[PDB]
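> my_file30.cif is the file, holding mmCIF, N, CA and C atoms:
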```cif
data_query
#
loop_
_atom_site.label_atom_id
_atom_site.label_comp_id
_atom_site.auth_asym_id
_atom_site.auth_seq_id
_atom_site.Cartn_x
_atom_site.Cartn_y
_atom_site.Cartn_z
N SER V 2 125.36 -23.41 50.82
CA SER V 2 124.75 -22.41 51.69
C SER V 2 123.78 -23.04 52.68
N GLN V 3 123.78 -22.54 53.91
CA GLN V 3 122.95 -23.11 54.97
C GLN V 3 121.67 -22.30 55.20
N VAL V 4 121.16 -21.66 54.16
CA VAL V 4 119.96 -20.83 54.26
C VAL V 4 118.73 -21.70 54.05
N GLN V 5 117.78 -21.64 54.99
CA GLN V 5 116.56 -22.44 54.92
C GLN V 5 115.35 -21.54 55.07
N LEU V 6 114.34 -21.77 54.23
CA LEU V 6 113.12 -20.98 54.22
C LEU V 6 111.94 -21.89 54.51
N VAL V 7 111.05 -21.44 55.39
CA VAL V 7 109.85 -22.21 55.74
C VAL V 7 108.63 -21.31 55.61
N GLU V 8 107.79 -21.60 54.61
CA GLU V 8 106.55 -20.88 54.39
C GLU V 8 105.41 -21.48 55.21
N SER V 9 104.53 -20.62 55.69
CA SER V 9 103.36 -21.08 56.42
C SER V 9 102.21 -20.12 56.15
N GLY V 10 101.04 -20.49 56.65
CA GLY V 10 99.86 -19.66 56.51
C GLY V 10 98.92 -20.09 55.42
N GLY V 11 99.29 -21.10 54.63
CA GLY V 11 98.36 -21.61 53.65
C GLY V 11 97.14 -22.24 54.29
N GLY V 12 96.10 -22.39 53.49
CA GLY V 12 94.87 -22.97 54.00
C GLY V 12 93.82 -23.05 52.92
N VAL V 13 92.64 -23.51 53.34
CA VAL V 13 91.48 -23.67 52.47
C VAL V 13 90.50 -22.57 52.83
N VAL V 14 90.11 -21.76 51.84
CA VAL V 14 89.25 -20.62 52.08
C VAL V 14 88.21 -20.52 50.97
N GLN V 15 87.21 -19.68 51.22
CA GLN V 15 86.15 -19.36 50.28
C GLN V 15 86.57 -18.18 49.41
N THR V 16 86.05 -18.14 48.18
CA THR V 16 86.15 -16.94 47.36
C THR V 16 85.82 -15.69 48.17
N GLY V 17 86.70 -14.70 48.08
CA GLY V 17 86.54 -13.45 48.80
C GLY V 17 87.27 -13.39 50.12
N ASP V 18 87.74 -14.52 50.65
CA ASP V 18 88.42 -14.58 51.93
C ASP V 18 89.84 -14.03 51.82
N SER V 19 90.49 -13.94 52.98
CA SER V 19 91.85 -13.42 53.11
C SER V 19 92.73 -14.43 53.83
N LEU V 20 94.01 -14.43 53.47
CA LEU V 20 95.05 -15.18 54.17
C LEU V 20 96.24 -14.27 54.39
N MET V 21 97.11 -14.68 55.30
CA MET V 21 98.37 -13.98 55.55
C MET V 21 99.47 -15.04 55.56
N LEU V 22 100.21 -15.14 54.45
CA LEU V 22 101.33 -16.07 54.42
C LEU V 22 102.54 -15.46 55.12
N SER V 23 103.37 -16.32 55.69
CA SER V 23 104.63 -15.88 56.27
C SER V 23 105.73 -16.84 55.84
N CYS V 24 106.96 -16.34 55.88
CA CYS V 24 108.12 -17.18 55.63
C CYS V 24 109.18 -16.81 56.64
N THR V 25 109.73 -17.81 57.32
CA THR V 25 110.81 -17.62 58.27
C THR V 25 112.12 -18.13 57.66
N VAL V 26 113.17 -17.31 57.73
CA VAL V 26 114.46 -17.61 57.12
C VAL V 26 115.45 -17.93 58.23
N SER V 27 116.21 -19.00 58.04
CA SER V 27 117.25 -19.38 58.99
C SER V 27 118.57 -19.57 58.27
N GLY V 28 119.67 -19.27 58.97
CA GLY V 28 121.01 -19.50 58.46
C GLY V 28 121.75 -18.26 58.01
N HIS V 29 121.05 -17.15 57.83
CA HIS V 29 121.65 -15.90 57.40
C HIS V 29 120.61 -14.80 57.57
N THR V 30 121.08 -13.60 57.88
CA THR V 30 120.17 -12.46 57.94
C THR V 30 119.63 -12.14 56.55
N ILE V 31 118.37 -11.69 56.50
CA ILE V 31 117.78 -11.25 55.24
C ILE V 31 117.90 -9.75 55.03
N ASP V 32 118.57 -9.02 55.92
CA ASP V 32 118.46 -7.56 55.88
C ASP V 32 119.14 -6.92 54.68
N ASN V 33 119.98 -7.65 53.95
CA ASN V 33 120.58 -7.11 52.73
C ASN V 33 120.03 -7.74 51.47
N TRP V 34 118.92 -8.49 51.56
CA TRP V 34 118.36 -9.22 50.43
C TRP V 34 116.97 -8.70 50.06
N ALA V 35 116.71 -8.67 48.76
CA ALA V 35 115.34 -8.63 48.27
C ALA V 35 114.72 -10.01 48.44
N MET V 36 113.41 -10.04 48.67
CA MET V 36 112.71 -11.30 48.88
C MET V 36 111.51 -11.35 47.95
N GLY V 37 111.18 -12.55 47.47
CA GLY V 37 110.10 -12.71 46.52
C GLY V 37 109.14 -13.81 46.90
N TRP V 38 107.92 -13.70 46.36
CA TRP V 38 106.91 -14.74 46.42
C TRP V 38 106.54 -15.18 45.01
N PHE V 39 106.43 -16.50 44.83
CA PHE V 39 106.01 -17.13 43.59
C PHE V 39 104.97 -18.19 43.88
N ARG V 40 104.31 -18.69 42.84
CA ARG V 40 103.31 -19.73 43.06
C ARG V 40 103.30 -20.73 41.91
N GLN V 41 102.99 -21.98 42.27
CA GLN V 41 103.07 -23.12 41.37
C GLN V 41 101.68 -23.67 41.09
N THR V 42 101.37 -23.83 39.81
CA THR V 42 100.17 -24.46 39.28
C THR V 42 100.58 -25.41 38.16
N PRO V 43 99.66 -26.23 37.65
CA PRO V 43 100.01 -27.04 36.47
C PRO V 43 100.49 -26.21 35.29
N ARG V 44 99.98 -24.98 35.14
CA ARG V 44 100.33 -24.16 34.00
C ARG V 44 101.56 -23.28 34.20
N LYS V 45 101.94 -22.99 35.44
CA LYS V 45 103.11 -22.15 35.70
C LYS V 45 103.86 -22.72 36.89
N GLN V 46 105.12 -23.12 36.66
CA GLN V 46 105.87 -23.78 37.73
C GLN V 46 106.22 -22.79 38.84
N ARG V 47 106.61 -21.57 38.48
CA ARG V 47 106.90 -20.52 39.46
C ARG V 47 106.42 -19.19 38.87
N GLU V 48 105.12 -18.95 38.96
CA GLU V 48 104.55 -17.67 38.55
C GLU V 48 104.93 -16.56 39.55
N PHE V 49 105.43 -15.44 39.04
CA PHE V 49 105.77 -14.33 39.92
C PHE V 49 104.54 -13.74 40.61
N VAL V 50 104.64 -13.53 41.94
CA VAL V 50 103.56 -12.94 42.73
C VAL V 50 103.95 -11.58 43.31
N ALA V 51 105.09 -11.50 44.01
CA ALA V 51 105.49 -10.23 44.61
C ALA V 51 106.98 -10.25 44.93
N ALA V 52 107.56 -9.05 45.03
CA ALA V 52 108.93 -8.91 45.50
C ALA V 52 109.04 -7.63 46.31
N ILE V 53 109.94 -7.63 47.30
CA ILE V 53 110.07 -6.53 48.24
C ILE V 53 111.55 -6.25 48.46
N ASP V 54 111.92 -4.96 48.47
CA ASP V 54 113.33 -4.63 48.58
C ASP V 54 113.80 -4.74 50.03
N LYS V 55 115.12 -4.61 50.23
CA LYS V 55 115.73 -4.99 51.50
C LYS V 55 115.16 -4.19 52.67
N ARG V 56 114.79 -2.92 52.46
CA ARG V 56 114.25 -2.13 53.56
C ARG V 56 112.73 -2.11 53.61
N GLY V 57 112.06 -2.71 52.63
CA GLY V 57 110.61 -2.71 52.60
C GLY V 57 109.99 -1.49 51.98
N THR V 58 110.80 -0.55 51.47
CA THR V 58 110.26 0.68 50.90
C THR V 58 109.65 0.47 49.53
N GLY V 59 110.12 -0.50 48.76
CA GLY V 59 109.61 -0.74 47.42
C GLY V 59 109.10 -2.16 47.27
N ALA V 60 108.11 -2.33 46.39
CA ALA V 60 107.55 -3.63 46.08
C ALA V 60 107.02 -3.64 44.66
N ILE V 61 107.06 -4.81 44.03
CA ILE V 61 106.41 -5.03 42.75
C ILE V 61 105.55 -6.28 42.86
N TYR V 62 104.58 -6.39 41.95
CA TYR V 62 103.59 -7.46 42.02
C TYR V 62 103.32 -8.04 40.64
N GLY V 63 102.94 -9.31 40.63
CA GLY V 63 102.41 -9.90 39.41
C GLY V 63 101.12 -9.23 38.98
N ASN V 64 100.94 -9.11 37.66
CA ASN V 64 99.78 -8.41 37.12
C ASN V 64 98.46 -8.90 37.70
N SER V 65 98.31 -10.22 37.87
CA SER V 65 97.01 -10.75 38.27
C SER V 65 96.70 -10.59 39.75
N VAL V 66 97.64 -10.10 40.57
CA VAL V 66 97.38 -9.89 41.99
C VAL V 66 97.47 -8.42 42.39
N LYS V 67 97.77 -7.53 41.45
CA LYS V 67 97.89 -6.11 41.78
C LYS V 67 96.61 -5.56 42.41
N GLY V 68 96.77 -4.82 43.51
CA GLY V 68 95.65 -4.27 44.22
C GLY V 68 95.02 -5.18 45.25
N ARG V 69 95.30 -6.49 45.20
CA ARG V 69 94.75 -7.46 46.14
C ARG V 69 95.74 -7.97 47.16
N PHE V 70 97.01 -8.12 46.80
CA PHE V 70 98.03 -8.66 47.68
C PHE V 70 98.96 -7.55 48.16
N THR V 71 99.50 -7.72 49.37
CA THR V 71 100.47 -6.79 49.93
C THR V 71 101.64 -7.57 50.51
N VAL V 72 102.86 -7.26 50.08
CA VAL V 72 104.05 -7.92 50.62
C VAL V 72 104.69 -7.03 51.68
N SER V 73 105.17 -7.66 52.75
CA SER V 73 105.84 -6.93 53.82
C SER V 73 106.95 -7.80 54.39
N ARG V 74 107.76 -7.21 55.27
CA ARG V 74 108.87 -7.96 55.85
C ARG V 74 109.20 -7.39 57.22
N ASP V 75 109.88 -8.22 58.01
CA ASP V 75 110.41 -7.83 59.32
C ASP V 75 111.84 -8.37 59.39
N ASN V 76 112.81 -7.50 59.13
CA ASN V 76 114.18 -7.98 59.02
C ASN V 76 114.70 -8.54 60.34
N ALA V 77 114.35 -7.92 61.47
CA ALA V 77 114.88 -8.42 62.74
C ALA V 77 114.37 -9.83 63.03
N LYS V 78 113.13 -10.13 62.65
CA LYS V 78 112.59 -11.47 62.82
C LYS V 78 112.98 -12.41 61.68
N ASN V 79 113.62 -11.89 60.63
CA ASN V 79 114.01 -12.68 59.47
C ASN V 79 112.77 -13.28 58.82
N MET V 80 111.71 -12.47 58.70
CA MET V 80 110.43 -12.94 58.18
C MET V 80 109.94 -12.06 57.04
N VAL V 81 109.22 -12.69 56.12
CA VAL V 81 108.57 -12.03 55.00
C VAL V 81 107.12 -12.46 55.02
N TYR V 82 106.23 -11.58 54.56
CA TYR V 82 104.80 -11.80 54.65
C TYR V 82 104.13 -11.52 53.32
N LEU V 83 103.00 -12.19 53.09
CA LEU V 83 102.17 -11.91 51.92
C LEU V 83 100.71 -11.88 52.38
N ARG V 84 100.15 -10.68 52.47
CA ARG V 84 98.73 -10.52 52.76
C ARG V 84 97.95 -10.70 51.47
N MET V 85 96.99 -11.61 51.48
CA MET V 85 96.20 -11.95 50.29
C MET V 85 94.74 -11.62 50.56
N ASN V 86 94.23 -10.57 49.92
CA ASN V 86 92.83 -10.19 50.04
C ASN V 86 92.05 -10.58 48.79
N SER V 87 90.74 -10.67 48.94
CA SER V 87 89.84 -10.88 47.80
C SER V 87 90.25 -12.10 46.99
N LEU V 88 90.50 -13.21 47.68
CA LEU V 88 91.02 -14.39 47.00
C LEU V 88 90.01 -14.92 45.98
N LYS V 89 90.53 -15.47 44.88
CA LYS V 89 89.78 -16.04 43.77
C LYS V 89 90.18 -17.49 43.57
N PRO V 90 89.28 -18.32 43.03
CA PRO V 90 89.66 -19.71 42.72
C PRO V 90 90.96 -19.85 41.95
N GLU V 91 91.25 -18.95 41.01
CA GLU V 91 92.48 -19.10 40.26
C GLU V 91 93.72 -18.71 41.05
N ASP V 92 93.57 -18.22 42.29
CA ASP V 92 94.71 -18.04 43.19
C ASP V 92 95.14 -19.35 43.85
N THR V 93 94.42 -20.44 43.62
CA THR V 93 94.80 -21.74 44.18
C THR V 93 96.15 -22.17 43.62
N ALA V 94 97.10 -22.46 44.50
CA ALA V 94 98.48 -22.74 44.10
C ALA V 94 99.26 -23.08 45.36
N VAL V 95 100.46 -23.61 45.16
CA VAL V 95 101.45 -23.70 46.23
C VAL V 95 102.30 -22.45 46.15
N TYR V 96 102.39 -21.72 47.27
CA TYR V 96 103.09 -20.45 47.32
C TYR V 96 104.47 -20.63 47.94
N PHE V 97 105.48 -20.06 47.28
CA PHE V 97 106.88 -20.17 47.66
C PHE V 97 107.49 -18.79 47.90
N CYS V 98 108.38 -18.72 48.88
CA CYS V 98 109.20 -17.54 49.11
C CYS V 98 110.63 -17.88 48.72
N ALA V 99 111.37 -16.87 48.26
CA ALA V 99 112.73 -17.09 47.79
C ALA V 99 113.55 -15.82 47.99
N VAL V 100 114.88 -15.98 47.89
CA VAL V 100 115.86 -14.94 48.18
C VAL V 100 116.44 -14.42 46.88
N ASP V 101 116.49 -13.09 46.72
CA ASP V 101 117.23 -12.42 45.65
C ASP V 101 118.46 -11.78 46.28
N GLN V 102 119.64 -12.36 46.04
CA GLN V 102 120.85 -11.80 46.60
C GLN V 102 121.73 -11.12 45.55
N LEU V 103 121.15 -10.71 44.41
CA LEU V 103 121.91 -10.06 43.36
C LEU V 103 122.27 -8.61 43.69
N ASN V 104 121.57 -8.00 44.64
CA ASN V 104 121.82 -6.60 45.01
C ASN V 104 121.64 -5.69 43.80
N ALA V 105 120.64 -6.00 42.98
CA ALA V 105 120.34 -5.27 41.75
C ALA V 105 118.86 -4.90 41.67
N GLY V 106 118.28 -4.51 42.80
CA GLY V 106 116.89 -4.11 42.78
C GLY V 106 115.93 -5.28 42.72
N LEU V 107 114.73 -5.00 42.22
CA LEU V 107 113.65 -5.98 42.24
C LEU V 107 113.51 -6.65 40.88
N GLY V 108 113.34 -7.97 40.90
CA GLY V 108 113.15 -8.74 39.69
C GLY V 108 112.02 -9.74 39.83
N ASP V 109 111.51 -10.17 38.67
CA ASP V 109 110.30 -10.99 38.65
C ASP V 109 110.51 -12.35 37.99
N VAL V 110 111.76 -12.80 37.83
CA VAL V 110 112.06 -14.06 37.17
C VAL V 110 112.61 -15.05 38.19
N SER V 111 112.00 -16.24 38.24
CA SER V 111 112.30 -17.20 39.30
C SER V 111 113.76 -17.64 39.30
N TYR V 112 114.39 -17.76 38.13
CA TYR V 112 115.74 -18.31 38.10
C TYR V 112 116.75 -17.40 38.79
N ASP V 113 116.40 -16.12 39.01
CA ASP V 113 117.29 -15.19 39.69
C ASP V 113 117.24 -15.32 41.21
N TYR V 114 116.37 -16.17 41.75
CA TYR V 114 116.16 -16.30 43.19
C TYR V 114 116.74 -17.61 43.71
N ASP V 115 117.08 -17.62 45.01
CA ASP V 115 117.73 -18.76 45.65
C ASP V 115 117.00 -19.18 46.93
N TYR V 116 117.33 -20.39 47.38
CA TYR V 116 117.02 -20.85 48.73
C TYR V 116 115.52 -21.06 48.93
N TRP V 117 114.85 -21.41 47.84
CA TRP V 117 113.44 -21.76 47.85
C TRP V 117 113.06 -22.65 49.03
N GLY V 118 111.92 -22.33 49.65
CA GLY V 118 111.30 -23.24 50.59
C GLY V 118 110.52 -24.32 49.88
N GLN V 119 109.84 -25.15 50.67
CA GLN V 119 108.99 -26.18 50.10
C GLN V 119 107.56 -25.71 49.85
N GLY V 120 107.23 -24.47 50.22
CA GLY V 120 105.95 -23.90 49.84
C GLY V 120 104.84 -24.15 50.84
N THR V 121 103.73 -23.45 50.63
CA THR V 121 102.53 -23.61 51.45
C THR V 121 101.31 -23.59 50.53
N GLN V 122 100.43 -24.56 50.71
CA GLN V 122 99.29 -24.75 49.82
C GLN V 122 98.17 -23.77 50.14
N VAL V 123 97.67 -23.09 49.11
CA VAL V 123 96.50 -22.22 49.22
C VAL V 123 95.42 -22.77 48.30
N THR V 124 94.23 -23.00 48.84
CA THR V 124 93.12 -23.51 48.04
C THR V 124 91.92 -22.60 48.26
N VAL V 125 91.39 -22.04 47.17
CA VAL V 125 90.26 -21.12 47.24
C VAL V 125 89.07 -21.82 46.61
N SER V 126 88.05 -22.10 47.43
CA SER V 126 86.86 -22.84 47.00
C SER V 126 85.93 -21.95 46.20
N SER V 127 85.43 -22.49 45.10
CA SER V 127 84.55 -21.75 44.21
C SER V 127 83.19 -21.49 44.86
#
```
What does the file become when written as structure tokens?


Amino acid sequence: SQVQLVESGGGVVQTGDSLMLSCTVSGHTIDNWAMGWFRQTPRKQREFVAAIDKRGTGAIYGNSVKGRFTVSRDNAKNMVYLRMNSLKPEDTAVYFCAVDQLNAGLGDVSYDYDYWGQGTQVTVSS
């Protein structure tokens, strides 16, 4: 498959700050796919963060980010977004976007996703 994902928007911020991650997809339209965000730490290789259905009407979130993060998408631009509010030191991680092409709703397990990007580093200073 010739699908390529490029995450951006990572950075170094203070506790309480906000970031807006984005991911641009090339090689295929995303308009029939669910899309997910995961994050990598020493303790979790791909911790689930968020997932959004093909039209953007539904979303699910990892327990530790509920109420703070918002996932969105723009199918015509082939882009997915993760708004991160109220950042905490334990949100420090490399953040990845990935494709769910199972056409079976929203899921939270990394092995069900494809076409991982190389991620974007988020560092939240204590």

> Write out as number ranges by chain which residues come within 10 Å of residue V:127 when counting only C-alpha atoms, dropping same-chain ones fewer than 3 positions away.

V: 14-17, 89-91, 124

> With a distance cut-off of 8 Å and all atoms listed in the file, select the neighbouring residues of residue V:18, excluding the residue or stretch itself and same-chain residues fewer than 4 positions from it, and output the selection as JSON, numbers by chain.

{"V": [14, 85, 86, 87, 88, 89, 125]}

> Name the residues within 6 Å of (113.9, -20.3, 47.6), counting only C-alpha atoms in the file's coordinates, and put them as a short mmCIF file (atom, residue, chain, number, x, y, z; two decimals) with N, CA and C atoms, in the frame of the given file.


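The result, written out as selection37.cif:
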```cif
data_model
loop_
_atom_site.label_atom_id
_atom_site.label_comp_id
_atom_site.auth_asym_id
_atom_site.auth_seq_id
_atom_site.Cartn_x
_atom_site.Cartn_y
_atom_site.Cartn_z
N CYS V 98 108.38 -18.72 48.88
CA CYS V 98 109.20 -17.54 49.11
C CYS V 98 110.63 -17.88 48.72
N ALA V 99 111.37 -16.87 48.26
CA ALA V 99 112.73 -17.09 47.79
C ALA V 99 113.55 -15.82 47.99
N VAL V 100 114.88 -15.98 47.89
CA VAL V 100 115.86 -14.94 48.18
C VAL V 100 116.44 -14.42 46.88
N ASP V 115 117.08 -17.62 45.01
CA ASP V 115 117.73 -18.76 45.65
C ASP V 115 117.00 -19.18 46.93
N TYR V 116 117.33 -20.39 47.38
CA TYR V 116 117.02 -20.85 48.73
C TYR V 116 115.52 -21.06 48.93
N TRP V 117 114.85 -21.41 47.84
CA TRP V 117 113.44 -21.76 47.85
C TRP V 117 113.06 -22.65 49.03
N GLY V 118 111.92 -22.33 49.65
CA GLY V 118 111.30 -23.24 50.59
C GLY V 118 110.52 -24.32 49.88
#
```

> Just checking: using only N, CA and C atoms, which residue out of V:44, V:114, V:30, V:103 ends up closest to residue V:79?

V:30

> Got a sec to tell me which of stretch 17-118 of chain V DSSP assigns to strand (DSSP E or B), as a PyMOL selection string?

chain V and resi 20-27+35-41+48-53+60-62+70-75+80-85+94-101+115

> Please measure the separation of atom CA of residue V:76 and atom CA of residue V:55, giving the value in Å to one decimal.

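Separating atom CA of residue V:76 from atom CA of residue V:55 is a distance of 8.2 Å.
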
> What is the atom CA of residue V:119-atom C of residue V:97 distance in Å, reported with one decimal?

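A separation of 7.9 Å between them.
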
> How would you write, as a list in words, the residues chosen by the PyMOL selection byres ((chain V and resi 35) around 6) on this structure?

residues 33, 34, 36, 37, 53, 54, 55, 99, 100, 101 and 102 of chain V

> Could you check how far atom N of residue V:66 sits from atom C of residue V:105, in Å to one decimal?

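About the pair atom N of residue V:66 and atom C of residue V:105: they are 21.9 Å apart.
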
> Taking (118.5, -19.2, 60.1) as a centre in this file's frame and 6.5 Å as the limit, can you find every polymer residue with an atom that close, using all atoms listed in the file, and give them as an NGL selection string?

:V and (4-5 or 26-29)

> Identify which of the residues V:49, V:2, V:63, V:123 lies closest to residue V:92, counting only N, CA and C atoms when measuring atom-to-atom distances.

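Residue with the minimum atom-to-atom distance to residue V:92: V:123.
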
> Smallest atom-to-atom distance to residue V:62: which of V:21, V:3, V:50, V:12, using all atoms listed in the file?

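Among V:21, V:3, V:50, V:12, it is V:50 that comes nearest to residue V:62.
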
> Tell me which of V:8, V:107, V:80, V:23 sits closest to residue V:52, counting all atoms listed in the file.

V:107

> What do you get, as a ChimeraX atom specification, if you spell out every residue that the PyMOL selection byres ((chain V and resi 70) around 6.5) selects here?

/V:66-69,71-72,83-86

> Print the selection's residues with N, CA and C atoms to a file, as an mmCIF file, in the coordinates of the input.


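Everything below was put into result-v2.cif:
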```cif
data_model
loop_
_atom_site.group_PDB
_atom_site.id
_atom_site.type_symbol
_atom_site.label_atom_id
_atom_site.label_comp_id
_atom_site.auth_asym_id
_atom_site.auth_seq_id
_atom_site.Cartn_x
_atom_site.Cartn_y
_atom_site.Cartn_z
ATOM 1 N N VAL V 66 97.640 -10.100 40.570
ATOM 2 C CA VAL V 66 97.380 -9.890 41.990
ATOM 3 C C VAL V 66 97.470 -8.420 42.390
ATOM 4 N N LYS V 67 97.770 -7.530 41.450
ATOM 5 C CA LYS V 67 97.890 -6.110 41.780
ATOM 6 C C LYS V 67 96.610 -5.560 42.410
ATOM 7 N N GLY V 68 96.770 -4.820 43.510
ATOM 8 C CA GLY V 68 95.650 -4.270 44.220
ATOM 9 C C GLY V 68 95.020 -5.180 45.250
ATOM 10 N N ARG V 69 95.300 -6.490 45.200
ATOM 11 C CA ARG V 69 94.750 -7.460 46.140
ATOM 12 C C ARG V 69 95.740 -7.970 47.160
ATOM 13 N N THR V 71 99.500 -7.720 49.370
ATOM 14 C CA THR V 71 100.470 -6.790 49.930
ATOM 15 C C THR V 71 101.640 -7.570 50.510
ATOM 16 N N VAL V 72 102.860 -7.260 50.080
ATOM 17 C CA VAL V 72 104.050 -7.920 50.620
ATOM 18 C C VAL V 72 104.690 -7.030 51.680
ATOM 19 N N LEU V 83 103.000 -12.190 53.090
ATOM 20 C CA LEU V 83 102.170 -11.910 51.920
ATOM 21 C C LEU V 83 100.710 -11.880 52.380
ATOM 22 N N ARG V 84 100.150 -10.680 52.470
ATOM 23 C CA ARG V 84 98.730 -10.520 52.760
ATOM 24 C C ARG V 84 97.950 -10.700 51.470
ATOM 25 N N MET V 85 96.990 -11.610 51.480
ATOM 26 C CA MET V 85 96.200 -11.950 50.290
ATOM 27 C C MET V 85 94.740 -11.620 50.560
ATOM 28 N N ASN V 86 94.230 -10.570 49.920
ATOM 29 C CA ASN V 86 92.830 -10.190 50.040
ATOM 30 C C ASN V 86 92.050 -10.580 48.790
#
```

> Tell me which of V:93, V:58, V:9, V:111 sits closest to residue V:75, counting only C-alpha atoms.

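Among V:93, V:58, V:9, V:111, it is V:58 that comes nearest to residue V:75.
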